[PDB]
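Beneath this line is the structure, given in structure tokens, with notes to follow.
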Amino acid sequence: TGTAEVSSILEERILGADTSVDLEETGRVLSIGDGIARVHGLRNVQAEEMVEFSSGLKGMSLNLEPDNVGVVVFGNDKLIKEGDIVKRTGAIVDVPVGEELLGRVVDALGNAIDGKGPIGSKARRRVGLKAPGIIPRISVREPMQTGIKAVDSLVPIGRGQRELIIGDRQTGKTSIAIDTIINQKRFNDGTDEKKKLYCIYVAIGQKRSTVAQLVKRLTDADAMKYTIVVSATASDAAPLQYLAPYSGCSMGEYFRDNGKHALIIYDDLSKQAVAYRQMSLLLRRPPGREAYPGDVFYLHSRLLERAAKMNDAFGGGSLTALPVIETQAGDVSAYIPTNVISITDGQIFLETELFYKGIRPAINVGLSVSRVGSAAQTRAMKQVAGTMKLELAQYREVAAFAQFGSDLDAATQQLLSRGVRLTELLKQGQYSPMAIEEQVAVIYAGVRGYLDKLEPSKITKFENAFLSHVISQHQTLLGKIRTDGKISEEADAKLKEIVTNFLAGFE
Amino acid sequence: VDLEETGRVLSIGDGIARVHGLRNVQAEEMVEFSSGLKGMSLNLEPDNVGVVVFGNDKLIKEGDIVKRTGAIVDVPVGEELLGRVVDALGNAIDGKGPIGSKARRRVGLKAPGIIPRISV
Amino acid sequence: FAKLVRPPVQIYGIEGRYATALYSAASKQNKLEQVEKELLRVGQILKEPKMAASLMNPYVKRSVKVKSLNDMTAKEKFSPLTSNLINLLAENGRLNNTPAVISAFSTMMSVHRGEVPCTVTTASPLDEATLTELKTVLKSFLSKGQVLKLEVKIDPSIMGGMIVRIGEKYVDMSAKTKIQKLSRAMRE
Amino acid sequence: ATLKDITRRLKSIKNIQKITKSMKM
Amino acid sequence: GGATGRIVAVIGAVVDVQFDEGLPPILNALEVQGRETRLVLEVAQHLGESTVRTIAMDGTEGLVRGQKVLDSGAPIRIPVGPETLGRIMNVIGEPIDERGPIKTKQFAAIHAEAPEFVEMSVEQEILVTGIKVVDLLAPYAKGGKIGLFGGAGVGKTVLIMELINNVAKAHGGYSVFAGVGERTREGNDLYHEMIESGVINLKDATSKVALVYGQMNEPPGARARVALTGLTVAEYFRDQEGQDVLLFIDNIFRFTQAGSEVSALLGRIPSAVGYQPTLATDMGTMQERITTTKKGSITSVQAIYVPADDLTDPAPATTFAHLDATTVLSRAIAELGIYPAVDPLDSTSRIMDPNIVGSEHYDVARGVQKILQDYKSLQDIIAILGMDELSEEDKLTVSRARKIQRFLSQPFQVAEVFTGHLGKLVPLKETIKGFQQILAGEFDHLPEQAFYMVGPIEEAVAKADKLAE
Amino acid sequence: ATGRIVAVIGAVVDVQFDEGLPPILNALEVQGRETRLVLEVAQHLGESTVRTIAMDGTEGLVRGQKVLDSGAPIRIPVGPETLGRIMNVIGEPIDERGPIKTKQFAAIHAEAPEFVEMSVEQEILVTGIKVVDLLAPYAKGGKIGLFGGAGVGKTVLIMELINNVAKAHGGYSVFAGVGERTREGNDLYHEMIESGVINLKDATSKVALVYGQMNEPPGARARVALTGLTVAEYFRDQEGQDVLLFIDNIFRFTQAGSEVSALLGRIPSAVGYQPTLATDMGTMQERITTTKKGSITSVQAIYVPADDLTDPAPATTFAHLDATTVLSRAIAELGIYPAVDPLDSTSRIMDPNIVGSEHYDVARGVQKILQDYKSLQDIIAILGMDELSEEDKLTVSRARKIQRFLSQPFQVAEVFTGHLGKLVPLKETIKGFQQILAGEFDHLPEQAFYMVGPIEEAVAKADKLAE
Ligand SMILES: Nc1ncnc2c1ncn2[C@@H]1O[C@H](COP(=O)(O)OP(=O)(O)O)[C@@H](O)[C@H]1O
Ligand SMILES: Nc1ncnc2c1ncn2[C@@H]1O[C@H](COP(=O)(O)OP(=O)(O)O)[C@@H](O)[C@H]1O
Ligand SMILES: [Mg+2]
């Protein structure tokens with residue numbers, strides 16, 4: 001009943017002592033399944049270790065069950081045959097990292113796929129290293145600005161943390177990632193090393209044409225200085241989609257060990273869980289719940305808890321993880337959304353009735369929360385977003401009473417009106433991230449309540465005209481806001497004056 | 001020593017001690033481990049006996065010598081157990097001295113038939 | 001792998017797998033009857049109560065089993081086929097399966113001789129002239145260049161008799177099944 | 001029942017409960 | 001190369017063949033002889049003493065233990081060219097239209113890699129099919145994976161007939177239909193309608209659709225790999241023909257059913273709901289082979305079954321992950337009476353952006369979706385008390401949204417026998433003007449049944465005049 | 001002994017021993033690693049094969065790799081030299097301040113106390129918080145559980161529990177973070193340092209930290225409760241002290257045990273969990289009971305999945321629970337920090353046979369008057385009789401004063417807010433709420449009770465407000 005007990009290796013064992021295949025560095029391929037070889041030999045291989053197949057392929061080896069090495073094939077299983085010769089490489093699989101990976105779409109073993117030349121990497125980091133502990137890291141001390149006003153006001157991100165974008169399929173959720181990338185152009189144009197940034201978009205099991213659309217959007221927004229795009233599409237193999245987030249996270253770990261800041265966007269991390277379930281169930285590892293095996297939480301935690309700000313001794317480098325989860329019709333109670341919501345330090349939740357109700361971007365909150373999302377803000381946005389969050393918290397209770405709000409009292413009517421103006425301030429066009437200074441100005445206008453008399457369909461037109469007016473005329477005021485970091489009574493008085501005058505001359 | 005009346009633990013795992021030999025054993029029998037423990041020999045197979053233990057598996061190694069008692073799973077019984085906290089096997093765990101039981105009631109006999117019964 | 005030499009009867013299971021390996025090895029090195037008689041000598045050895053009691057019992061520490069079988073091989077000077085066969089059965093721990101692999105490889109060699117395991121039921125104690133003419137017509141009946149090994153069994157229940165199974169082909173003139181065919185004919 | 005049926009039923013009665021509080025106010 | 005082997009164990013498709021001389025690699029083709037027809041085997045795993053575990057495509061009634069198979073070096077090769085246009089072939093490569101053999105020169109191998117990242121095209125141009133709810137709420141893409149989901153009885157086959165008619169006649173290039181486990185009479189009506197409409201010409205080589213049809217009652221190796229046959233034919237019409245080609249795969253859920261059936265029988269652990277663990281990987285291969293490249297432009301409309309209207313089944317969810325512009329075909333709006341019961345509130349588009357299509361089209365589409373999404377919660381407000389207390393404006397937007405939702409229905413030309421109405425063609429600009437004219441407040445007085453089964457807004461005017469006077 | 005790694009699946013590696021063999025539930029040092037790789041033996045299958053849950057990243061393990069066997073189940077460093085120290089389930093310090101120089105080790109995987117090592121007296125454990133010790137009081141040997149979150153003051157209440165029990169009783173405490181987030185664990189460590197519970201300067205700290213992080217395998221997360229319980233069992237059994245095991249999460253303990261039993265090949269139970277759920281919770285939750293010598297007491301932060309109570313992990317948890325104090329944001333946005341809901345906190349010890357007739361009478365009066373205030377608050381919000389009666393206005397004034405009085409200034413919040421933190425014993429809470437319910441202090445404003453410790457300081461605050 002044994003797996004290695006077949007008459008081929010038994011016959012070559014008892015017809016005469018071989019000592020010829022060496023059984024330790026090499027190994028002959030036994031039963032090759034749909035994507036998993038169970039090779040015989042490799043007595044000196046270690047666990048999770050990348051071997052190569054004589055076709056010219058690679059493949060990483062797990063389960064070792066006392067006579068057999070469970071090597072999962074890094075490619076198509078058409079050209080691996082029974083009896084082929086495997087060879088050890090000698091090391092757990094590495095990822096070529098460096099500052100030469102930037103602006104070039106690569107593939108999860110660290111090899112170039114866009115065909116515009118090879119990667120000029122100088123050092124290879126071992127993938128799947130342990131996360132840094134308690135003392136080497138510190139908390140979120142820098143504000144990570146998405147550019148989305150709803151996110152940067154209500155649920156801001158911190159340079160130093162992990163923030164799980166969660167929603168149904170085609171409910172924003174990658175547009176927020178592309179806005180998070182394109183927002184960092186203005187911080188990567190100039191000075192301040194502790195502001196400049198490196199985005200890493202790890203696409204796991206997407207279509208490959210949408211990765212081409214993603215990289216064309218980033219190139220014509222000139223988003224290829226900050227960015228690396230790691231891509232393991234749906235045509236690629238199951239273990240190469242499994243190993244894609246750890247590769248990009250190793251690149252980001254290179255960026256945060258050397259002082260600099262970085263973020264990573266794990267697009268379709270649920271598909272990484274699906275690929276791991278595929279390869280484990282074909283390794284006949286015992287399935288846990290929904291056929292996901294035991295160490296799936298251990299997988300996503302070992303992936304996601306590598307993101308933290310570092311103390312001033314260990315550079316000042318920080319990482320920001322942004323995993324992405326498709327839920328199936330709001331089923332937040334599934335296996336993978338419950339696992340990653342228990343892992344991650346915040347969630348950005350997108351319920352979709354807001355999207356088709358016409359408030360885009362689709363961050364439909366109340367379930368959405370950031371567990372550190374007050375200290376990860378500039379004091380301008382801290383003040384304005386604190387008052388704005390309390391106003392929306394008073395608004396969202398009474399909206400079912402606002403569908404019949406016409407025949408109620410006046411205090412509600414004022415509160416619900418202010419909430420409607422703020423909720424239509426939070427909507428924003430796609431692929432146009434706002435800087436912190438102008439969104440502080442807009443949400444300031446909404447909080448101080450120079451909008452309560454206007455029509456609802458005229459709020460967004462006011463928003464665009466107010467952006468044009470404040471960018472064109474009052475450059476120095478946005479300079480005050482972005483250099484002081486806050487409104488200190490003179491920006492307050494000047495904004496009183498300019499918003500009263502522009503409301504006097506709007507129509 | 002003798003595989004007729006004693007046997008050796010092949011593999012104690014999650015809740016089962018598969019013990020080797022033990023040929024004179026009978027089904028559902030309290031068979032005791034030389035770790036001082038008890039168990040009951042459940043499913044008899046032509047290679048091993050599946051004895052489920054009556055305690056933790058931490059006290060039992062592999063190849064720990066298993067010995068038959070000779071009687072089906074019992075519990076000490078009587079009016080001398082009155083006033084007293086006992087364990088599930090009959091050992092007094094209240095600390096105030098051992099039990100003075102003389103009889104020994106089997107733990108798994110059948111309910112009476114419909115004739116020796118009479119209604120409430 | 002190496003080209004595994006095809007055995008004539010595919011005996012399946014674990015013991016058939018060990019036996020096909022041993023047959024392919026002994027047919028590469030072409031000492032088949034030598035390996036067969038050595039396996040018969042091994043099967044005579046391991047029915048001794050001391051050796052089989054030492055082997056079937058656990059907690060005799062498998063390394064000591066391998067050492068004892070290597071010393072028993074080096075005492076009676078086996079060929080290098082069955083030496084490595086007994087060592088492999090000791091290393092895998094399927095020394096419980098060694099009389100069955102001896103039976104399976106004996107079956108494979110008995111088909112390599114060309115024997116056919118003939119079964120006949122006369123359903124009565126038959127005589128020697130009947131057996132002589134039956135072996136004559138059956139040896140003519142089977143094939144060219146193959147030798148039969150026949151067995152006869154009896155039972156008074158099945159009336160008449162003469163069922164003959166030769167090489168999966170089962171000719172059946174038993175009076176009971178004639179009454180069964182007429183029974184399916186009569187009920188309709 | 002099935003799962004989506006009870007999800008539909010809970011959605012319907014949560015909406016009826018909110019609208020009935022609205023009628024109450 | 002043609003190495004012979006022995007069938008030794010037979011269960012359906014799953015047939016174990018023992019090779020000892022030459023072992024074919026995985027995903028191959030074995031010709032089982034001994035049958036009066038040919039039998040083909042897709043080689044997969046090699047378990048030992050060399051053992052291929054193959055899946056057998058025709059019915060295995062009558063396979064002897066110990067039969068002789070022949071081994072060729074083909075993944076599976078099919079006749080492919082301009083000769084295979086007007087003819088129906090099945091997955092092995094053989095014609096089932098009873099018109100002799102297919103005389104071609106070059107063949108093609110069914111299994112290939114999805115091409116490369118550097119060959120992925122980047123252009124996105126809108127495709128207008130003449131259907132209203134498609135043209136404004138989920139527009140198509142010339143060079144994009146169009147998918148239309150639905151349960152059973154929602155209208156996917158009538159919609160795919162309307163797309164085949166209204167697009168394959170409005171196409172100078174070629175077409176490839178792939179009936180992947182579609183029932184035989186609907187494909188038969190497709191073949192006879194194609195002959196009588198003239199897109200198949202039975203007299204000469206003036207055809208422009210190539211049909212690959214595997215029936216729904218074939219073993220799962222013949223019902224999974226027939227989609228790949230359609231992919232191979234339409235790849236040749238895209239790789240080195242140099243032609244804009246469109247492929248209609250109806251109905252890729254038999255692919256996943258076939259994979260789940262063999263994975264039950266191959267010896268793989270069942271995944272989530274009961275499908276194979278290799279669902280996302282296998283469908284990733286066969287949905288990333290089908291995309292437009294820099295060499296040629298190929299657009300793929302996919303009729304994709306969902307089981308009993310359950311969109312959270314993992315195979316429709318991963319199919320959503322592969323598309324570019326889906327279209328949900330619900331049932332509830334046909335319980336209303338709108339056909340096909342299209343959900344645009346669950347439909348997507350990569351093509352719908354204000355720079356791609358326009359600002360006018362985008363704003364009227366988002367206005368229609370905004371007023372239909374608001375109509376749901378407002379309708380649940382209605383459902384307890386009624387039309388009495390909503391407001392002036394609330395009752396006005398309820399009636400306006402209901403009028404729009406009745407205006408989404410459109411009589412198909414191929415479905416002039418289900419409703420009796422003749423069926424019309426609507427351009428894009430007319431759909432934009434009609435929905436912008438209903439949102440603009442022009443038609444607040446006409447009844448809801450005046451907009452029900454119409455084409456342009458002039459047809460709604462004519463039906464309102466017919467109902468009134 | 002010396003055995004050999006022969007197969008590796010993560011936290012499941014099995015060792016083939018050829019000689020003297022460790023029993024079930026034991027430790028193994030895998031050698032050749034740059035760190036220690038401790039393993040936990042259980043399952044002897046043959047050739048002395050033991051299925052060891054392997055406790056760290058098992059990349060680099062080779063077949064036939066030598067394993068030293070240490071005997072003991074797991075030895076950790078316990079002692080009074082462990083306070084202020086962060087360790088992980090090997091017993092290894094991960095705060096990078098040298099080793100834990102202690103004298104006595106102790107083995108995790110110990111047993112429950114015997115039936116004769118029990119206390120038959122349900123002594124009311126008095127924290128010192130008014131709302132806690134009046135409406136859901138604690139128990140020596142309790143297994144109590146707090147239902148908090150992020151925005152609520154869970155950390156402030158935890159450090160206030162540590163300081164109040166270390167001052168009032170003589171007990172130190174241990175905080176087992178099970179599946180503790182490394183960001184959240186680092187913030188809680190800096191919070192304890194800047195509050196003064198942990199002192200890095202001398203030997204006056206009050207808590208020992210055991211952080212089993214999420215990035216560790218579930219074999220190394222289902223032992224965090226066992227490790228922190230072993231440290232607290234040292235405090236119970238060699239000082240006879242009043243100890244607090246604070247487990248930050250019982251659901252991650254159950255999830256870690258579920259993933260261990262999933263990795264070990266066991267057929268899983270109901271809703272996705274392990275068969276051994278009630279047994280594992282039995283082992284741990286019955287080691288935290290009181291004895292005749294000490295009074296270990298668990299306060300444990302508990303996560304209910306899908307907001308469900310009938311799920312098996314809360315089913316076993318609430319089978320072992322005693323108090324269930326709710327923390328929330330509603331009464332926190334009412335200004336009271338933190339919003340320990342009493343109306344949703346059903347303590348089992350609230351019984352006049354156990355805590356006394358005066359205590360239970362006062363507690364029933366408080367809970368009844370706040371329930372009646374919630375009903376009359378609904379009616380006064382809808383304005384049906386607009387101040388319904390003099391009795392309505394009287395109970396609204398009384399219970400508004402009580403809700404303002406349930407606040408207490410905390411000593412852990414003293415370092416940045418000047419509201420000095422008071423300890424309020426049980427007798428003073430009884431006297432204060434009895435004199436408020438008796439109508440004695442009706443002539444005081446409601447603001448004179450917000451953030452005041454005892455009742456006589458609320459009198460003095462009413463005097464100092466009258467200016
Ligand atoms: N203004 C907008 N704000 C946010 N998201 C938008 C906006 N416009 C379109 N989107 C949607 O965001 C989606 C991003 O893709 P994504 O949701 O990740 O695809 P998938 O459906 O595979 O999850 C696009 O499909 C697009 O429909
Ligand atoms: N435009 C239309 N007008 C009238 N009926 C339609 C229209 N489109 C679809 N149908 C209805 O759809 C049904 C056909 O369903 P079909 O498409 O075969 O099922 P599926 O959607 O599962 O493929 C017919 O009953 C037909 O009445
Ligand atoms: Mg997407």
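We name chains A, B, ... following the order of the structure tokens; residues begin at 1 in each chain, and ligands are numbered from 1 as shown.
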
If the limit is 12 Å from any atom of ligand 3, counting only C-alpha atoms and all ligand atoms, which residues qualify? Return them as an mmCIF file with N, CA and C atoms, in the first residue's frame.
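And here's pocket.cif as it stands now:
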```cif
data_model
loop_
_atom_site.group_PDB
_atom_site.id
_atom_site.type_symbol
_atom_site.label_atom_id
_atom_site.label_comp_id
_atom_site.auth_asym_id
_atom_site.auth_seq_id
_atom_site.Cartn_x
_atom_site.Cartn_y
_atom_site.Cartn_z
ATOM 1 N N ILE A 165 -8.924 45.828 2.242
ATOM 2 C CA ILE A 165 -9.994 46.259 1.351
ATOM 3 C C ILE A 165 -10.883 45.048 1.112
ATOM 4 N N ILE A 166 -12.164 45.168 1.445
ATOM 5 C CA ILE A 166 -13.083 44.045 1.360
ATOM 6 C C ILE A 166 -14.375 44.488 0.697
ATOM 7 N N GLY A 167 -14.835 43.689 -0.255
ATOM 8 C CA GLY A 167 -16.122 43.972 -0.853
ATOM 9 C C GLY A 167 -16.522 42.850 -1.773
ATOM 10 N N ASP A 168 -17.686 43.019 -2.384
ATOM 11 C CA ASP A 168 -18.104 42.077 -3.401
ATOM 12 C C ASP A 168 -17.327 42.332 -4.690
ATOM 13 N N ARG A 169 -17.531 41.456 -5.664
ATOM 14 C CA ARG A 169 -16.855 41.603 -6.942
ATOM 15 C C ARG A 169 -17.456 42.764 -7.728
ATOM 16 N N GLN A 170 -16.583 43.503 -8.414
ATOM 17 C CA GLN A 170 -16.876 44.755 -9.120
ATOM 18 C C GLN A 170 -17.592 45.746 -8.203
ATOM 19 N N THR A 171 -16.978 45.981 -7.043
ATOM 20 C CA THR A 171 -17.422 47.019 -6.113
ATOM 21 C C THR A 171 -16.190 47.818 -5.731
ATOM 22 N N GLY A 172 -15.768 48.735 -6.598
ATOM 23 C CA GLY A 172 -14.528 49.464 -6.365
ATOM 24 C C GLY A 172 -13.356 48.506 -6.246
ATOM 25 N N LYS A 173 -12.643 48.603 -5.115
ATOM 26 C CA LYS A 173 -11.817 47.555 -4.509
ATOM 27 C C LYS A 173 -10.503 47.297 -5.246
ATOM 28 N N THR A 174 -10.345 47.854 -6.437
ATOM 29 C CA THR A 174 -9.053 47.853 -7.098
ATOM 30 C C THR A 174 -8.844 49.270 -7.595
ATOM 31 N N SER A 175 -9.950 49.972 -7.853
ATOM 32 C CA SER A 175 -9.878 51.403 -8.114
ATOM 33 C C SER A 175 -9.343 52.158 -6.909
ATOM 34 N N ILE A 176 -9.647 51.687 -5.699
ATOM 35 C CA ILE A 176 -9.066 52.284 -4.500
ATOM 36 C C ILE A 176 -7.568 52.009 -4.447
ATOM 37 N N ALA A 177 -7.146 50.844 -4.936
ATOM 38 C CA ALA A 177 -5.724 50.520 -4.985
ATOM 39 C C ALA A 177 -4.984 51.366 -6.017
ATOM 40 N N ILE A 178 -5.599 51.589 -7.177
ATOM 41 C CA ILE A 178 -4.961 52.402 -8.203
ATOM 42 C C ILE A 178 -4.953 53.870 -7.794
ATOM 43 N N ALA A 203 -0.730 40.964 -8.115
ATOM 44 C CA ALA A 203 -1.953 40.422 -8.687
ATOM 45 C C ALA A 203 -1.897 38.906 -8.632
ATOM 46 N N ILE A 204 -2.887 38.291 -7.991
ATOM 47 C CA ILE A 204 -2.882 36.853 -7.769
ATOM 48 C C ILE A 204 -4.059 36.270 -8.527
ATOM 49 N N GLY A 205 -3.789 35.628 -9.656
ATOM 50 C CA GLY A 205 -4.848 34.917 -10.337
ATOM 51 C C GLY A 205 -5.864 35.788 -11.029
ATOM 52 N N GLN A 206 -5.469 36.974 -11.467
ATOM 53 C CA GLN A 206 -6.334 37.782 -12.301
ATOM 54 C C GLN A 206 -6.291 37.278 -13.737
ATOM 55 N N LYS A 207 -7.062 37.930 -14.593
ATOM 56 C CA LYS A 207 -6.825 37.846 -16.021
ATOM 57 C C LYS A 207 -5.495 38.533 -16.330
ATOM 58 N N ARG A 208 -4.841 38.130 -17.416
ATOM 59 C CA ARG A 208 -3.587 38.800 -17.728
ATOM 60 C C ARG A 208 -3.828 40.080 -18.515
ATOM 61 N N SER A 209 -4.942 40.149 -19.244
ATOM 62 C CA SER A 209 -5.279 41.377 -19.954
ATOM 63 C C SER A 209 -5.639 42.505 -18.997
ATOM 64 N N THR A 210 -6.205 42.196 -17.831
ATOM 65 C CA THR A 210 -6.436 43.267 -16.874
ATOM 66 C C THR A 210 -5.163 43.683 -16.151
ATOM 67 N N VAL A 211 -4.139 42.830 -16.104
ATOM 68 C CA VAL A 211 -2.840 43.292 -15.625
ATOM 69 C C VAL A 211 -2.197 44.194 -16.669
ATOM 70 N N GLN A 213 -4.024 46.144 -18.611
ATOM 71 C CA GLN A 213 -4.780 47.383 -18.429
ATOM 72 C C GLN A 213 -4.308 48.149 -17.199
ATOM 73 N N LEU A 214 -3.978 47.428 -16.125
ATOM 74 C CA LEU A 214 -3.432 48.046 -14.922
ATOM 75 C C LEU A 214 -2.102 48.727 -15.199
ATOM 76 N N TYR A 266 -2.216 43.447 -2.182
ATOM 77 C CA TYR A 266 -2.418 42.049 -2.535
ATOM 78 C C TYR A 266 -3.770 41.954 -3.208
ATOM 79 N N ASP A 267 -3.807 42.060 -4.529
ATOM 80 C CA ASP A 267 -5.085 41.963 -5.208
ATOM 81 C C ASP A 267 -5.423 40.496 -5.428
ATOM 82 N N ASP A 268 -6.630 40.134 -4.983
ATOM 83 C CA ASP A 268 -7.179 38.782 -4.970
ATOM 84 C C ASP A 268 -6.322 37.841 -4.125
ATOM 85 N N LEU A 269 -6.200 38.194 -2.847
ATOM 86 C CA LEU A 269 -5.539 37.317 -1.887
ATOM 87 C C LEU A 269 -6.398 36.108 -1.533
ATOM 88 N N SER A 270 -7.715 36.217 -1.709
ATOM 89 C CA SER A 270 -8.576 35.048 -1.601
ATOM 90 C C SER A 270 -8.244 34.018 -2.670
ATOM 91 N N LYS A 271 -7.828 34.470 -3.854
ATOM 92 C CA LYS A 271 -7.395 33.532 -4.879
ATOM 93 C C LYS A 271 -6.069 32.881 -4.523
ATOM 94 N N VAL A 324 -6.790 42.396 -0.522
ATOM 95 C CA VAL A 324 -8.070 42.592 -1.187
ATOM 96 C C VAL A 324 -8.851 41.293 -1.108
ATOM 97 N N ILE A 325 -10.093 41.359 -0.627
ATOM 98 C CA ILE A 325 -10.938 40.172 -0.546
ATOM 99 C C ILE A 325 -12.284 40.416 -1.211
ATOM 100 N N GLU A 326 -12.576 39.600 -2.224
ATOM 101 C CA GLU A 326 -13.921 39.418 -2.745
ATOM 102 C C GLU A 326 -14.703 38.548 -1.776
ATOM 103 N N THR A 327 -15.832 39.053 -1.313
ATOM 104 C CA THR A 327 -16.805 38.249 -0.597
ATOM 105 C C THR A 327 -17.918 37.839 -1.545
ATOM 106 N N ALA E 317 -18.288 32.468 -9.754
ATOM 107 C CA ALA E 317 -17.515 33.567 -9.177
ATOM 108 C C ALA E 317 -16.156 33.705 -9.857
ATOM 109 N N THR E 318 -15.484 32.580 -10.101
ATOM 110 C CA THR E 318 -14.215 32.642 -10.813
ATOM 111 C C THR E 318 -14.431 33.018 -12.279
ATOM 112 N N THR E 319 -15.588 32.649 -12.834
ATOM 113 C CA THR E 319 -15.913 33.070 -14.186
ATOM 114 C C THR E 319 -16.125 34.577 -14.252
ATOM 115 N N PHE E 320 -16.752 35.164 -13.218
ATOM 116 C CA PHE E 320 -16.795 36.621 -13.089
ATOM 117 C C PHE E 320 -15.402 37.208 -13.065
ATOM 118 N N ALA E 321 -14.488 36.554 -12.349
ATOM 119 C CA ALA E 321 -13.118 37.046 -12.276
ATOM 120 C C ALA E 321 -12.399 37.007 -13.620
ATOM 121 N N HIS E 322 -12.856 36.181 -14.560
ATOM 122 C CA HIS E 322 -12.195 36.138 -15.861
ATOM 123 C C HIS E 322 -12.773 37.067 -16.922
ATOM 124 N N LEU E 323 -13.947 37.654 -16.716
ATOM 125 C CA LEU E 323 -14.607 38.349 -17.813
ATOM 126 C C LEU E 323 -14.101 39.780 -17.971
ATOM 127 N N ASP E 324 -14.694 40.482 -18.935
ATOM 128 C CA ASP E 324 -14.529 41.915 -19.126
ATOM 129 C C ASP E 324 -15.826 42.695 -19.029
ATOM 130 N N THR E 348 -21.604 44.224 -15.126
ATOM 131 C CA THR E 348 -20.364 44.981 -15.039
ATOM 132 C C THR E 348 -20.015 45.511 -16.423
ATOM 133 N N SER E 349 -18.921 46.272 -16.485
ATOM 134 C CA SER E 349 -18.290 46.677 -17.737
ATOM 135 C C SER E 349 -16.899 47.199 -17.447
ATOM 136 N N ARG E 350 -15.921 46.702 -18.192
ATOM 137 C CA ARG E 350 -14.640 47.378 -18.256
ATOM 138 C C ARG E 350 -14.694 48.551 -19.217
#
```

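Interface residues on chain C toward chain A (cut-off 6 Å, only C-alpha atoms): residues 1, 17, 21, 25, 81, 84 and 85 of chain C.
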
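Neighbouring residues of region 119-136 of chain E at 6 Å or closer, counting only C-alpha atoms and skipping chain neighbours under 5 positions away, are residues 209 of chain A; 141, 142, 293, 294, 365, 408, 425, 426 and 427 of chain E.
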
Export of the given selection (C-alpha atoms) as a PDB file, in the first residue's frame:
```pdb
ATOM      1  CA  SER A 209      -5.279  41.377 -19.954  1.00  0.00           C
TER       2      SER A 209
ATOM      3  CA  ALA E 141     -15.958  45.268 -26.317  1.00  0.00           C
ATOM      4  CA  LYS E 142     -14.504  44.341 -29.690  1.00  0.00           C
ATOM      5  CA  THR E 293      -3.504  39.478 -28.682  1.00  0.00           C
ATOM      6  CA  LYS E 294      -1.312  41.787 -30.721  1.00  0.00           C
ATOM      7  CA  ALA E 365     -26.337  54.894 -17.660  1.00  0.00           C
ATOM      8  CA  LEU E 408     -35.488  48.082 -20.865  1.00  0.00           C
ATOM      9  CA  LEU E 425     -33.114  47.021 -34.053  1.00  0.00           C
ATOM     10  CA  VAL E 426     -32.079  49.981 -31.902  1.00  0.00           C
ATOM     11  CA  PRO E 427     -28.849  51.942 -32.497  1.00  0.00           C
TER      12      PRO E 427
END
```

Residues of chain B within 9 Å of chain F: nearest atom pair and distance (Å, one decimal) for each, counting only C-alpha atoms, sorted by chain and number, as a tab-separated table?
```
residue	atom	partner	partner_atom	distance
B:10	CA	F:45	CA	6.8
B:11	CA	F:45	CA	4.7
B:12	CA	F:44	CA	6.2
B:13	CA	F:43	CA	4.7
B:14	CA	F:43	CA	7.5
B:57	CA	F:24	CA	6.3
B:58	CA	F:24	CA	4.6
B:59	CA	F:23	CA	6.9
B:60	CA	F:23	CA	6.5
B:61	CA	F:23	CA	5.0
B:62	CA	F:44	CA	6.1
B:93	CA	F:115	CA	6.5
B:94	CA	F:116	CA	6.1
B:95	CA	F:116	CA	6.2
```
